[PDB]
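Residue numbers (the deposited numbering), protein chains in the order written: chain A, 70 to 180, 189 to 205, 211 to 220, 261 to 292, 296 to 361, 389 to 668, 703 to 763; chain B, 71 to 180, 189 to 220, 262 to 292, 296 to 360, 390 to 511, 525 to 668; chain D, 15 to 353; chain C, 18 to 218, 256 to 450.
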Amino acid sequence: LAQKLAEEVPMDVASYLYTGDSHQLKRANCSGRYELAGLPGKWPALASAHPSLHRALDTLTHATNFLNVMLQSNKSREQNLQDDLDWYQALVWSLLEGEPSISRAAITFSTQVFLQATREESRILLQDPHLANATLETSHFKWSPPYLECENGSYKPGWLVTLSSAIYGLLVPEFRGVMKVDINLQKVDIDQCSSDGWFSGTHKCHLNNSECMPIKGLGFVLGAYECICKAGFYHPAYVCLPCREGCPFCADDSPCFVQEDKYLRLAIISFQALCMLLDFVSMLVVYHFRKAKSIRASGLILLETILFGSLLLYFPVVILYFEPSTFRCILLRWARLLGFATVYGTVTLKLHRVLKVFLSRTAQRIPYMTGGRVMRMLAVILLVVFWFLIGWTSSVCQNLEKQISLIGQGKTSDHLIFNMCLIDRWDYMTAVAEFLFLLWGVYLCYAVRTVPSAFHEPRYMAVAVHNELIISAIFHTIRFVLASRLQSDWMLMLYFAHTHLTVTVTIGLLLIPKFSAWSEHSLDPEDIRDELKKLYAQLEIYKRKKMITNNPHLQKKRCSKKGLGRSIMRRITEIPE
Amino acid sequence: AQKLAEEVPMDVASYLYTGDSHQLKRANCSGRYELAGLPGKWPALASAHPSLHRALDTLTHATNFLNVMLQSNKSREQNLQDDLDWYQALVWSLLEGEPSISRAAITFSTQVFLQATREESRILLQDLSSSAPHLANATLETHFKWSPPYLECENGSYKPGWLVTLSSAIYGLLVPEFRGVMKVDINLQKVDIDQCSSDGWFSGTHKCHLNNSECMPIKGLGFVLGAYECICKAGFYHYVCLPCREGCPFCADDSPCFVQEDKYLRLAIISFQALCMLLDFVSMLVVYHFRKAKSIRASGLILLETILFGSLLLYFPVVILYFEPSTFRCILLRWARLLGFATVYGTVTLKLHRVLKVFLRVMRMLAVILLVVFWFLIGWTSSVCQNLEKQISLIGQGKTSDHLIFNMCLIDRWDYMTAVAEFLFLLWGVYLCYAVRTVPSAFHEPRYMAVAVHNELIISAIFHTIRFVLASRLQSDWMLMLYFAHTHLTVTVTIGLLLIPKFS
Amino acid sequence: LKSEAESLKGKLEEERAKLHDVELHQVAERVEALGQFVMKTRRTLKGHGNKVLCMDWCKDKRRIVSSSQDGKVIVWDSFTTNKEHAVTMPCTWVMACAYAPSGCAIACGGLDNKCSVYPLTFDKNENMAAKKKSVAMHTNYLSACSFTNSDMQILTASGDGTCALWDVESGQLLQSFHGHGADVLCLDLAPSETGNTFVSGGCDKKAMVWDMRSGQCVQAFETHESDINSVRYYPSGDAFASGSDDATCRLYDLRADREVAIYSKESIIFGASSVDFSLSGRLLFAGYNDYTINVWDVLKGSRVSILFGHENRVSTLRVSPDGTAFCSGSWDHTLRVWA
Amino acid sequence: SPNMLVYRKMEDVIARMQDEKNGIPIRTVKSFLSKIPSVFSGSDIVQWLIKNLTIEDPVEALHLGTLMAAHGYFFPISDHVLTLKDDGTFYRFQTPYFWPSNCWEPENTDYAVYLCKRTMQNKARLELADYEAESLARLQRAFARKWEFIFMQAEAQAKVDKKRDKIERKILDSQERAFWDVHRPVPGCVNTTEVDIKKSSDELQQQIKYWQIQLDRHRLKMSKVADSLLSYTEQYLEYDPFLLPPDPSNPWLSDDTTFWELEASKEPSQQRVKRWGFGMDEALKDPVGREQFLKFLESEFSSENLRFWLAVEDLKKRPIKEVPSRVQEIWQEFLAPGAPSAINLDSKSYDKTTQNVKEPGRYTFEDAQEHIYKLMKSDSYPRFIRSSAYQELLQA
């Protein structure tokens with residue numbers, strides 16, 4: 070800011086004349102005249118900055134060449150008293166009668190014979211210096267930079283010049302005069318914060334994050350520009393205040409954000425951790441309580457499987473407390489689906505085993521289905537889901553990781569910000585699969601409703617199933633309408649609900665209680715022959731089973747065979763009668 | 071208008087259109103040119119070089135000077151002592167001001191006048207009427264007088280230079299009148315002109331209007347025609392600017408930008424494909440006729456027609472990829488592939504599972533995997549259409565190898581893991597057949613199917629391999645052979661092993 | 015002699031024609047018919063644990079006696095539903111109970127061939143069965159009793175086809191009746207205190223009436239289609255009707271010696287398992303086997319109601335002697351007090 | 018055997034039920050789910066009852082239908098527990114080989130056979146209810162040896178019946194399902210099998263004499279009995295507490311006690327006094343009547359014959375321990391000539407008394423009691439009813 074530093078030596082109402090209009094500045098003045106700050110201007114009084122500047126420049130140099138060829142004329146009788154005075158006066162007056170920047174001027178020579194002509198109103202006030215001394219010393263317009271008037275106090279004028287050449291007489298030519306004029310550039314707009322121009326700089330606008338805007342207004346004074354701050358709120389000098397975060401467009405340097413609780417989230421996390429810990433320690437329990445009545449009724453390893461899996465299903469709600477990113481939503485889907493199958497799936501298949509052992513046992517106790525069979529019809533499902541995750545995970549990790557899309561992503565409620573993970577069509581199809589899967593499980597726990605069984609596990613299992621289906625339908629439906637109306641909190645409510653609900657439920661329901703023609707002739711003969719054929723077929727199969735039913739004793743087989751044969755022959759001879 | 075207006079000046083069109091020495095070095099003119107309409111509408115220094123402004127500036131300075139000077143009271147008409155010297159020095163400095171002001175005259179009579195023209199370095203000057211002084215046109219006017268470009272000739276050959284004049288009538292001095303005429307003339311021949319300007323000297327871009335048109339003109343040389351170069355915008359160039396053969400820029404030739412076809416090949420290809428699908432349908436009917444001896448019970452009529460409906464569901468990809476790639480193509484492709492795949496090979500492997508239990525409830529295993537495949541088409545299909553049909557990626561792609569172009573249906577990592585499905589769902593049956601090693605019937609059906617399975621694993625793996633490896637440097641013909649070949653091989657095979665014996 | 019016997023029978027037919035010239039109901043239509051009834055439940059008993067198969071009123075007109083098939087006799091107060099006794103019989107199928115006139119003792123027995131009697135009163139707070147004193151005993155299951163109004167002489171009937179009077183303290187038999195050949199099931203006092211007579215009928219399809227002064231089978235009748243299951247006197251002491259598992263109830267005179275009118279209806283088909291009259295001698299009661307009860311007019315022969323209360327079959331039925339209501343015996347494991 | 022006749026009657030019933038020209042029509046329903054033939058709706062059978070039986074109460078006809086349907090003559094196609102419910106549900110008759118009249122008796126091994134067969138026809142579900150699954154569990158635990166041929170003949174029957182057409186297997190299995198419902202029913206509804214353990218099982259001179267006693271068997275016309283029965287009804291007809299009670303106070307119905315309590319009060323009501331006037335027998339039945347009649351007999355110096363008759367009756371109450379102790383004593387007091395109480399006999403009366411008095415007998419004084427009793431009935435009661443005390447007590 071050399072300019073303000075330079076014009077920090079203002080004389081009298083300087084910025085009142087230099088940044089403001091100089092009326093009181095000139096009405097309040099006590100000095101001599103013609104304060105020329107010649108050369109203090111940006112650059113010098115030797116530059117190019119304006120149309121009317123170049124107008125007068127053309128007038129200047131064409132007068133000058135006109136003279137250098139005219140004063141070099143032949144037949145130079147020098148009739149300086151007859152009518153050459155008419156020529157000179159017509160020249161100097163008509164020039165400002167032709168020129169627009171017409172304040173005051175002179176032509177003082179003897180080739189002082191001065192036509193000292195100044196356009197008072199329209200009459201060139203004609204009448205007969212260090213500038214003349216410099217002309218004698220040295261051809262060129264001896265113009266100064268901004269100089270005031272000479273009102274016998276500083277001067278009642280702004281920017282003005284002193285442009286002056288010589289009426290050089292003429296065994297060569299020689300300087301014999303001084304033509305000159307002082308046009309006022311006080312009617313010339315200016316720019317402090319300019320790129321190039323009069324003190325073209327930037328006063329107090331750090332342009333790292335500011336943008337000046339020079340303008341056109343009143344005219345020749347400082348303050349003739351407009352500054353701006355950039356991407357931050359004007360501290361209000390106008391100086392940037394980038395928003396609380398990267399929330400752009402800083403009107404007030406205030407937040408866009410629903411800032412959120414501590415004494416919610418701390419307790420959320422501590423609670424959920426304690427439930428996870430319960431799961432772990434249940435595992436330790438059964439590792440100690442490997443002998444019982446009902447763990448043999450319901451295999452150890454199934455239960456450790458369940459408990460582990462659901463422990464893992466508690467991850468969604470330690471997840472969100474950390475900020476959303478790439479890694480977050482992905483792991484969410486991993487953990488969810490693993491948990492889901494390795495809980496509800498194995499449960500459903502246990503029940504399938506119930507049905508099969510029943511029939512197996514009704515026919516020939518020979519251990520139809522065992523706990524060794526479960527894990528196989530588990531690994532299948534585990535695999536399928538692995539290939540799926542690889543699909544989704546691949547689409548991201550190979551295409552839209554960095555190129556075009558993302559997940560860490562926010563929307564707005566009315567005018568305020570909120571980030572999260574989000575959705576696409578995949579999570580839809582995921583839900584619908586869960587739905588159908590448990591549908592199959594429900595048919596299973598429909599027919600299996602009548603067993604004579606020990607602990608009525610069926611009640612407990614089947615109700616976990618139904619509960620879960622319901623809760624899941626609702627959860628997903630809400631969250632898959634509500635892409636737009638969800639800060640972190642309201643969601644976190646929702647995930648807290650789903651998890652403690654079904655996890656605690658389907659821990660407890662199973663685990664905890666384990667410590668506490704309609705005719706007469708036709709239909710007559712029909713039912714009769716039916717029984718008859720039944721008897722005879724029973725007999726033939728008995729004949730074959732003679733050696734086939736080697737499972738028991740001979741005479742016992744002998745007695746049974748004999749009794750059957752006797753009763754059968756009796757029934758036959760009666761059917762014959 | 072402008073075109074018909076070119077038949078204006080004979081022995082000058084070289085000076086007009088060529089701006090040449092044919093109309094200049096040797097052409098009898100005997101008359102100066104005249105732009106009183108050979109210019110634009112009037113440009114009037116509204117379409118101005120700065121030099122117009124400079125000329126008018128010096129003009130107006132001298133004009134005000136002499137006017138106020140003559141407006142001095144008691145006009146003496148004192149042309150006796152030295153006023154002649156004043157006017158002479160004035161016109162000397164005048165023509166000396168402009169380097170291209172060739173001649174100029176100044177008359178004042180409130189016939190004789192002062193004049194001067196640039197000889198080499200001095201103002202060849204004399205007290206005689208010269209340059210310009212139009213007292214006649216000033217009386218006709220009874262502002263300044265614009266003028267017309269010219270040629271250095273009245274009754275001679277037009278020498279170098281075309282002279283545009285500036286002229287004015289000396290207003291007299296308590297009323298005014300015509301008391302003189304002063305005028306100069308500068309060379310309006312080294313004056314750059316613009317045929318393609320928005321507004322300029324009679325700008326007509328009559329060489330490149332629209333047809334891949336651009337005018338990239340020749341800007342500044344001088345008063346010369348044929349100085350508006352044009353550019354042929356994204357097409358061919360043989390005063391010819393042309394389109395491309397297609398939406399395929401860089402048309403240094405108007406050659407085509409696509410692969411050469413082999414149509415005759417393709418006809419018989421497709422016919423043979425229909426041949427196999429005909430055999431498919433036909434043999435289904437064969438089945439539904441001759442259904443009553445050994446094969447009917449051992450091999451379900453149902454399960455056969457399942458397999459054939461598989462093959463007929465299957466053979467499509469060929470007829471697809473003869474046709475052009477629209478995006479709606481690619482999706483049917485995935486449809487037919489996976490459906491024929493599962494629908495066949497499920498029933499295949501389940502028969503063997505049933506065999507294995509006889510060693511020691526079919527459709528309620530099969531409809532499962534048909535379900536999962538339905539689900540899959542739906543999921544992937546929506547995820548591309550609803551959310552990638554428009555937004556980010558393009559599927560049908562115009563990909564180029566070297567000089568030419570070709571469309572194709574493209575891939576995704578999806579179909580990689582899909583192929584891998586094929587791998588494993590066969591490998592199950594492979595375990596199956598291997599350990600089930602010695603197990604009887606009058607058929608060696610198991611040997612037949614196990615053969616199918618080893619076949620398809622190795623070979624369908626290969627087909628998927630050699631498509632995914634180098635698709636980005638394929639033509640659209642070598643690929644088709646691939647599809648044809650592998651599908652005919654494995655699947656006609658895997659038909660025949662089942663069907664062949666069940667006649668003889 | 016056969017012709018003369020049949021001619022005396024024809025003369026009986028002639029005298030029966032003269033006596034029955036107009037039928038009972040052929041004159042009975044004259045009496046004005048009867049109106050609407052609104053009888054329904056007024057109590058319930060919830061103490062048994064089996065079927066219930068006998069019941070009797072006291073002469074105090076408010077208590078209750080009923081024995082079961084399990085072994086447990088009861089003594090209620092339907093007016094209060096509050097047990098004041100309890101007792102356990104050693105045996106099963108206790109098929110007959112009786113109440114003392116004054117209220118001193120009850121006789122329960124059958125299928126053990128011996129009819130015990132217990133002193134009803136609040137005498138020994140230890141047991142109602144502990145004072146079991148054998149009094150009668152046949153050699154077969156025992157059908158019913160009628161303390162015949164002295165409170166020191168009870169009747170009994172078994173499958174022997176022979177009844178008798180058995181003293182209270184002694185077991186000293188007092189007279190015998192051996193006119194039968196099947197299982198008798200019926201026994202009721204006469205209302206009159208004129209000649210202490212009673213009836214016995216049974217599986218033989220007949221009914222016969224003893225005169226206890228001798229033991230000689232004076233009157234005898236047979237019209238039923240199967241075994242008979244109870245009978246009761248017309249409460250003027252002049253006749254008696256009944257019903258059995260024919261479902262065809264009938265009423266019989268003593269003075270004319272003739273059936274008086276058929277009581278049947280094709281709708282009801284099931285067996286008839288009790289009868290008892292109303293103090294007027296107007297109505298007729300009978301529990302049935304189709305689970306209803308069935309009040310019939312004694313004169314006009316129409317039904318008057320069917321009052322569906324019992325989930326199972328009707329065992330036996332009585333009218334309270336005061337004439338104010340009636341109870342039912344039924345196969346539903348409880349009793350009601352039908353008003 | 019008794020119930021045989023019952024089943025025979027209801028057989029008559031159903032025989033008229035599936036009549037050729039009349040009867041319920043066994044229809045074939047068509048549904049959006051299936052096409053079921055040979056059924057009908059319970060409203061049909063209800064209508065059939067009401068038509069051909071004229072059972073006025075819908076409820077009564079419904080109860081008849083209820084127990085019929087609980088004896089295995091028709092069943093609801095989708096239920097175990099036999100109950101006729103008047104609505105649109107589908108029924109069916111039963112087979113003549115599976116009525117209940119055919120003395121049938123299933124046993125435990127056969128229940129095991131039917132259990133294995135039902136459980137093994139379908140293998141889609143435990144096609145059963147919890148009670149039947151419970152029964153099969155017990156049969157397993159107790160029939161450890163004998164299972165195999167059970168399973169054998171079961172699936173054998175399954176083939177032998179499925180080999181016949183698909184609707185045949187359905188109808189036969191429906192029938193031979195329901196017929197084991199009825200013979201081993203659900204825990205709640207009553208069995209309709211059982212029975213009670215009770216049903217569990256000179257010559258011409260005496261002839262001629264029976265004929266003669268029938269001759270001298272004095273009878274009266276039925277009209278005479280009609281008058282007697284109607285009149286004995288009427289004279290208490292206005293006393294019947296069911297039909298037209300003299301006092302509507304009913305301790306049963308209207309939660310009163312006053313009626314019986316007035317009955318306990320010795321002061322007779324005006325009903326009571328009018329009721330005395332019918333017959334002195336009823337009077338002596340009344341203790342109040344005994345007291346007032348005895349009072350009049352005393353004040354008329356005529357209190358002996360009633361004293362005697364009361365003596366006879368009070369003698370007929372004691373056991374055989376006191377019969378002699380009283381008979382000799384009562385003779386010496388009344389029937390001994392020379393005692394103050396002078397009962398008065400004729401020739402055969404006093405002869406009978408003297409002969410029997412040696413032997414105390416339960417019918418000791420029959421003829422003497424008849425004599426004195428006809429005496430009192432002929433004389434005393436008339437003047438008593440005619441007496442001023444009677445009239446003054448009956449007025450109020």
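In this text, a Cβ means the ideal position worked out from N, Cα and C, and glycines have one as well.
- For residue 397 (chain B), the CB contacts under 8 Å within the same chain, skipping 5 residues up- and downstream, are 407, 408 and 409 in chain order.
- Following the DSSP letters along the chain, one finds residue 224 (chain D) inside the beta strand (DSSP E) bounded by residues 220–225.
- Residues of chain D with a Cβ closer than 8 Å to the Cβ of residue 374 (chain C) are, in chain order, 181, 184, 186 and 188.
- Looking from the CA of residue 562 (chain B), the closest CA among B:101, B:640 and B:535 belongs to B:640.
- Neighbours of residue 739 (chain A) in chain B, taken as residues at a C-beta separation under 7 Å, are lacking, since the least C-beta distance is about 28 Å.
- The straight-line gap separating the alpha-carbon atoms of residue 419 (chain B) and residue 558 (chain B) is approximately 32 Å.
- Chain D has no Cβ within less than 8 Å of the Cβ of residue 101 (chain C).
- For residue 409 (chain C), the enclosing alpha helix (DSSP H) begins and ends at 401–410.
- Between the alpha carbons of residue 131 (chain B) and residue 352 (chain A) lies a distance of about 43 Å.
- DSSP places residue 343 (chain B) outside both helix and strand once states are collapsed to three, so it counts as coil.
- The alpha carbon of residue 315 (chain A) has as its nearest neighbour, out of A:306, A:299, A:300 and A:344, the alpha carbon of A:344.
- Residues of the segment 104–137 of chain B whose Cβ lies closer than 9 Å to any Cβ of chain A, in chain order: 123, 124, 127, 128, 130, 131, 132, 133, 134, 135, 136 and 137.
- Distance between residue 46 (chain C) and residue 301 (chain D), taken at the CA atoms: about 41 Å.
- Take the alpha-carbon of residue 41 (chain C) and the one of residue 171 (chain C): they are about 35 Å apart.
- Beyond the five residues adjoining it in sequence on each side, residue 499 (chain B) comes within less than 8 Å, by CB distance, of 458, 593, 613, 616 and 617 in the same chain, given in chain order.
- If you ignore the 5 residues before and after residue 80 (chain A), its C-beta comes within less than 8 Å of the C-beta of 100, 104 and 276, all in its own chain and listed in chain order.
- Along the segment 317–356 of chain C, the beta strand (DSSP E) does not occur as any fully enclosed run of 3 or more residues.
- Look at residue 133 (chain D) here: in three-state DSSP terms it is strand.
- The criterion of a C-beta distance shorter than 8 Å is satisfied by residue 328 (chain D) and residue 287 (chain D).
- In the three-state DSSP reduction, residue 281 (chain B) falls in the coil class, being neither helix nor strand.
- For residue 436 (chain C), the enclosing alpha helix (DSSP H) begins and ends at 420–439.
- Rounded to the nearest whole angstrom, the CA to CA distance from residue 737 (chain A) to residue 535 (chain B) is 45 Å.
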